[PDB]
Amino acid sequence: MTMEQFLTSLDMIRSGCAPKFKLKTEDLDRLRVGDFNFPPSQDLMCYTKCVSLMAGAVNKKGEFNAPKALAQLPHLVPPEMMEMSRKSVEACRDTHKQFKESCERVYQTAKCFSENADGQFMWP
């Protein structure tokens with residue numbers, strides 16, 4: 001997809017996931033720009049799970065599958081964000097193993113993506 005289509009997809013993904021949770025605009029907008037530097041609510045952590053389920057990158061137990069994640073990236077991000085996305089997925093392939101609840105597992109994985117992103121990281 002193109003950069004324009006990707007930026008638009010972020011809003012489409014949030015539009016589908018946000019209604020399921022009680023969330024604050026100011027928390028979602030920090031996630032959007034890669035700022036995972038604040039205390040998440042339980043709702044916000046499960047929100048990241050909802051999003052990652054949509055990508056087919058995690059199971060219901062919040063176990064991240066880097067091979068599958070990598071296989072999904074070709075139709076999820078534009079050419080320009082491929083190397084960054086591959087690098088973050090690879091760096092964070094085992095993050096979920098350090099945590100014990102499915103929502104926490106995915107949230108910490110996404111936080112790790114943002115910490116290992118060499119450029120502008122973005123979350124729906």
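Note: hydrogens, waters and symmetry copies are ignored here, and every other heavy atom, side chains too, is used. When a residue number appears, it is its place in the shown sequence, counting from 1.
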Handout entry: Validation row: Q72, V89 side chains within 4.5 angstrom (heavy atoms)
Key = no
Exercise for the section: Write out all pairs satisfying side chain to side chain donor-acceptor pair (under 3.5 Å) with one or both partners inside residues 33-45, taking only residues at least two apart or from two chains. Expected result: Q42-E101
Exercise for the section: Specify the closest pair of heavy atoms between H75 and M1, including all atoms of both residues, with the distance to one decimal. Expected result: O-CE, 3.4 Å
Exercise for the section: Using atom types as modelled and distance alone, determine if a side-chain donor or acceptor of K111 lies under 3.5 Å from a backbone N or O of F36. Expected result: yes
Exercise for the section: Sort and list the pairs that fulfil side chain to side chain donor-acceptor pair (under 3.5 Å) and have at least one residue in residues 12-27, not counting sequence neighbours. Expected result: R14-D29, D27-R30
Handout entry: Hydrophobic cluster membership, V33 vs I13, 4.5 Å side-chain cutoff
Key = no
Handout entry: Contact check, side chains of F6 and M81, non-hydrogen atoms, under 4.5 Å
Key = yes
Exercise for the section: Work out which heavy atom in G34 is nearest to a heavy atom in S114; give both atom names and the distance. Expected result: O-CB, 3.6 Å
Handout entry: Co-membership, hydrophobic cluster, residues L28 and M12, 4.5 Å side-chain
Key = no
Handout entry: same_hphob_cluster(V106, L53) at 4.5 Å side-chain heavy-atom cutoff
Key = yes
Problem - Where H96 and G62 come nearest, the two heavy atoms and their spacing - result: CB-O, 3.7 Å
Under 3.5 Å, which donor-acceptor pairs link side chains of residues 115-124 to any protein atom two or more places apart or in another chain?
none

Problem - From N59 atom CG to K68 atom NZ, the distance as rounded to the nearest 0.5 Å - result: 10.5 Å
Problem - Listed once per pair and sorted, the salt bridge (charged side-chain N to carboxylate O under 4.0 Å, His left out) pairs that draw on residues 73-89, sequence neighbours left out - result: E83-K87, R86-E90
Problem - Flag side-chain contact, heavy atom, 4.5 Å: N65 against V58 - result: no
Fill in the blank from the handout: To the nearest 0.5 Å, atom CZ of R93 lies from atom CG of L70 at 10.5 Å
Problem - Non-hydrogen side-chain atoms of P78 and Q5 separated by less than 4.5 Å - result: no
Handout entry: All pairs passing disulfide (SG to SG under 2.5 Å) where residues 18-54 contributes a residue, at least two apart
Key = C17-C50, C46-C103
Practice task
Could you pull out all residues at least two apart from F64 that satisfy ring pair (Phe, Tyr, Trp, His ring centres under 6.0 Å)?
Solution key: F113
Handout entry: OG1-NZ distance between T109 and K97, expressed to the nearest 0.5 angstrom
Key = 11.5 Å
Problem - Transitive ILVMFWY side-chain link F99 to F38, under 4.5 Å - result: no
Handout entry: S85 backbone acceptor or donor facing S88 side chain under 3.5 Å
Key = no
